[PDB]
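Student: Chains as they are written, first to last, in my numbering: chain A, 1 to 113; chain B, 1 to 53; chain C, 1 to 381. By construction, the Cβ of each residue, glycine as well, lies at the ideal position given by its N, Cα and C atoms. Can you keep this structure in mind? I'll have questions shortly.
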Amino acid sequence: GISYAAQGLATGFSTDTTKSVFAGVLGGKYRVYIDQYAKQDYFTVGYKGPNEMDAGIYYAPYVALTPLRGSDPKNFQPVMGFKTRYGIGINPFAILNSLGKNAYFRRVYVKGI
Amino acid sequence: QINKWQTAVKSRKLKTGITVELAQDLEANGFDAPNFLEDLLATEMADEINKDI
Amino acid sequence: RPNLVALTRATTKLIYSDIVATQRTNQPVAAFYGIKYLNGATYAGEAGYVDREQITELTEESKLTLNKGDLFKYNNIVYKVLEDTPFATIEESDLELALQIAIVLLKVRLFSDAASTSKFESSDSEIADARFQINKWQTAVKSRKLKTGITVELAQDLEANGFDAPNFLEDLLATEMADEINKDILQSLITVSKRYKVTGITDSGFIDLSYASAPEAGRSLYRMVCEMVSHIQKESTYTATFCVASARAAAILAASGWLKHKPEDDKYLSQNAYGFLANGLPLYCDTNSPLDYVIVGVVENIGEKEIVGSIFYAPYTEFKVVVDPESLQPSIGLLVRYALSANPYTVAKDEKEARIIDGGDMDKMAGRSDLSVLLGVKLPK
């Protein structure tokens, strides 16, 4: 169970599901996350150093989870919502210079499951 | 002689301080944006008033 | 970096910082902001526009079907009809002029859509849209660097001059840097400025005061320059705030009574100004460009922010001086970097185009300022 199903939540009859983070560590080596929107069936292996400049991929959460509020008088109903302004990027390896080129990650399609 | 008369107060409204995606840009420029925007908007208002005169 | 800040203070004071708008960055790129509107008069509300559409375009065949109380619009300006058949007595064939005549003779009346509060609130009428949009774009901070503080025997010379030399040389190096920067600013300004054109270019050709044309007094240029200011007033909600010209173009040419040599050096005039004109505007001079041109345009602010300009400048500090003893020569290197750009929205319909262009790409921004114009000038060399 090194890749965790959060078995204690199962044991307790879904005390949570926590379906948002890396499950655990495969082989005791790779932290494993679930692509909850996978289109076919696959895996990708990637590297991440301790240095933020050694990820190969960057996510920079400027303005995170900022709420909106309002009301629409036509039916006098509430307005509520969220916005973010994060931006992304990769080790340049020269989007046009990203496709199929970034050495930090290797993607394999899986069949036969 | 001194004359007097009464004239109705007329008005002009603007809905111009657009915020939304614009809010996000204004936030990016949040250093100045709150008051900057009101002064900018005031400026356009002043222009129309002056032109009316 | 206080040492660089001190150099910044002692170096940016030497450039034409006010012929462009100044913003600042703290990023490798500078986020610049600016304001633009594409057509100026009255309200910009939908209700306004709709009523205008619903009354008339004032065509020549319709101008006389109008009667007392009617509205019409022309070139987006709404006018009310005073008494019947406006223009019945105006023989002028150019409708725009006929309109100007009609306004003066009170056949028509400049019309205001201002109304009671109740009109607006009761009908749930539309509201004025914005006249100007505020744009943002970013460009890379670019730089120049010098190896010019030469030392070796030069150190010995500097030691001989050691009472001043340490600072003197850095100040001197900063000065030549400032000079090239100022010139760089002018190249960008020159490039972006729209070509002033009237009836096929400034009275059907670039102004020419050459021997074969009009080696007069320089008066005809002064007149044209003043008209360049008018152009700015026509096209934008600002009066010119500065002017720059070469010696042969105007800095000297207009010095026949329509140019002042800085009679006063501290009021409404920068320290870097060559002088100012009889029609105002601090006057600057390039002295380098083969063009021998004149530029008229506007820098303007909302509170502390120089939001309006054709060109925007945004320096990036954290004016670095480095001493490197190559072999026998501890020379001084000087590095200065800044963003400098034109508002890219003057060449874009919307963000999809703005997002694939660069305000720092002067091959696209050329002639697209709208906050400045340039007069090409032929001269009696």
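If you follow the beta strand (DSSP E) that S230(C) is in, where does it begin and where does it stop?
Tutor: For this step, residue 230(C) is matched to residue 230 along the third sequence. Not the beta strand (DSSP E): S230(C) falls in the alpha helix (DSSP H), residues 219 to 235.
Student: Compare the beta carbon distance of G218(C) and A251(C) with 8 Å and say whether it is the shorter of the two.
Tutor: Stepping through the third sequence from its first residue, residue 218(C) is reached at position 218. Stepping through the third sequence from its first residue, residue 251(C) is reached at position 251. Contact: no.
Student: On the CB-based measure, 16 or more other CB atoms within 10 Å of its CB, does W5(B) come out buried or exposed?
Tutor: In the second sequence, counting from the first residue as 1, residue 5(B) sits at position 5. By the 10 Å Cβ count, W5(B) comes out exposed.
Student: For a test of the three-state rule: what should DSSP assign to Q156(C), helix, strand or coil?
Tutor: The sequence position of residue 156(C) within the third sequence is 156, counting from 1. The answer is helix: DSSP assigns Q156(C) an H, G or I state.
Student: Output the distance between the C-alpha atoms of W258(C) and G280(C), rounded to the nearest integer angstrom.
Tutor: Looking up residue 258(C) in the third sequence gives position 258. Looking up residue 280(C) in the third sequence gives position 280. So the two alpha carbons sit approximately 10 Å from each other.
Student: From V141(C) to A30(C), what distance separates their C-alpha atoms?
Tutor: Here residue 141(C) refers to the residue found at position 141 of the third sequence. Here residue 30(C) refers to the residue found at position 30 of the third sequence. Those two C-alpha atoms are separated by around 6 Å.
Student: Around the C-beta of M53(A), are 16 or more other C-beta atoms found within 10 angstroms, so that it is buried, or is it exposed?
Tutor: The count along the first sequence starts at 1 and reaches residue 53(A) at position 53. The residue in question, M53(A), is exposed, as its Cβ has fewer than 16 Cβ neighbours within 10 Å.
Student: Just to confirm, are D25(B) and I302(C) a CB contact at a threshold of 8 Å?
Tutor: For the purposes of this step, residue 25(B) is taken as the residue at position 25 of the second sequence. For the purposes of this step, residue 302(C) is taken as the residue at position 302 of the third sequence. Not in contact: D25(B) and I302(C) (Cβ atoms no closer than 8 Å).
Student: Which whole-angstrom value describes the C-beta separation of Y109(A) and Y42(A), a residue pair presumed to lie in contact below a C-beta threshold of 8 Å?
Tutor: Taking the first residue of the first sequence as position 1, residue 109(A) is located at position 109. Taking the first residue of the first sequence as position 1, residue 42(A) is located at position 42. At roughly 5 Å, the Cβ-Cβ gap stays under 8 Å, so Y109(A) and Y42(A) are in contact.
Student: Which of helix, strand or coil does DSSP assign to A249(C)?
Tutor: Your numbering for residue 249(C) matches position 249 in the third sequence. The answer is helix: DSSP assigns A249(C) an H, G or I state.
Student: Can you tell me which residues form a DSSP beta bridge with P325(C)?
Tutor: Position 325 of the third sequence holds residue 325(C). DSSP, once it has assigned bridges, lists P330(C) as partnering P325(C).
Student: Could you check the C-alpha separation between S125(C) and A47(C) for me, to the nearest Å?
Tutor: Sequence index remark: in the third sequence, residue 125(C) carries index 125 (1-based). Sequence index remark: in the third sequence, residue 47(C) carries index 47 (1-based). Going from the Cα of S125(C) to the Cα of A47(C) covers about 7 Å.
Student: If contacts are defined as beta-carbon pairs under 8 Å, then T346(C) and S369(C) qualify, I think. What distance do you get, rounded to the angstrom?
Tutor: Residue 346(C) sits at position 346 when you count from the first residue of the third sequence. Residue 369(C) sits at position 369 when you count from the first residue of the third sequence. Going by Cβ atoms, the distance from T346(C) to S369(C) rounds to 7 Å, so yes, they are a contact pair.
Student: Taking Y4(A) as the reference, give the member of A23(A), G49(A), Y59(A), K111(A) with the closest Cα.
Tutor: Translated into the one-based positions of the first sequence, residue 4(A) becomes position 4. That would be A23(A), whose Cα lies nearest to the Cα of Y4(A).
Student: Pairing CB atoms from the region 82 to 92 of chain A with CB atoms from the region 54 to 71 of chain A, are three or more of them under 8 Å?
Tutor: Taking 8 Å as the limit for Cβ pairs, the verdict is that the region 54 to 71 of chain A does touch the region 82 to 92 of chain A.
Student: Could you check where the alpha helix (DSSP H) with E353(C) kicks off and where it finishes?
Tutor: Here residue 353(C) is taken as the residue at index 353 of the third sequence, counted from 1. Its alpha helix (DSSP H) spans residues 351 to 354.
Student: From the DSSP secondary-structure annotation, give me the bridge partner or partners of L375(C).
Tutor: Locating residue 375(C) in the third sequence gives position 375, where the first residue counts as 1. Note: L375(C) sits in a beta bridge opposite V294(C).
Student: Please check if any C-beta of chain B sits within less than 8 Å of the C-beta of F276(C).
Tutor: On the third sequence, position 276 is the one that residue 276(C) refers to. It does not: the Cβ of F276(C) has no partner Cβ on chain B nearer than 8 Å.
Student: May I ask you to list the residues that DSSP assigns as paired with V25(A)?
Tutor: Translated into the one-based positions of the first sequence, residue 25(A) becomes position 25. Its beta-bridge partners are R31(A).
Student: Grouping DSSP H, G and I as helix and E and B as strand, with all else coil, what is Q100(C)?
Tutor: For the purposes of this step, residue 100(C) is taken as residue 100 along the third sequence, with counting starting at 1. Helix.
Student: With 8 Å set as the bound, which would you pick, yes or no: does the beta-carbon of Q24(B) sit closer than that to a beta-carbon of chain A?
Tutor: Looking up residue 24(B) in the second sequence gives position 24. It does: the Cβ of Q24(B) has a partner Cβ on chain A nearer than 8 Å.
Student: DSSP three-state call for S122(C): helix, strand or coil?
Tutor: Numbered from its first residue, the third sequence carries residue 122(C) at position 122. Here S122(C) sits in helix by DSSP.
Student: Hey, out of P92(A), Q40(A), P73(A), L26(A), whose CA is closest to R107(A)'s CA?
Tutor: In the first sequence, counting from the first residue as 1, residue 107(A) sits at position 107. For the residues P92(A), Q40(A), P73(A), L26(A), the minimum Cα distance to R107(A) belongs to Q40(A).
Student: Let's see if you can read the secondary structure: which residues bound the alpha helix (DSSP H) around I357(C)?
Tutor: If you number the third sequence from 1, residue 357(C) lands on position 357. Looking at the DSSP string, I357(C) is not in any alpha helix (DSSP H), and its letter there is neither H nor E.
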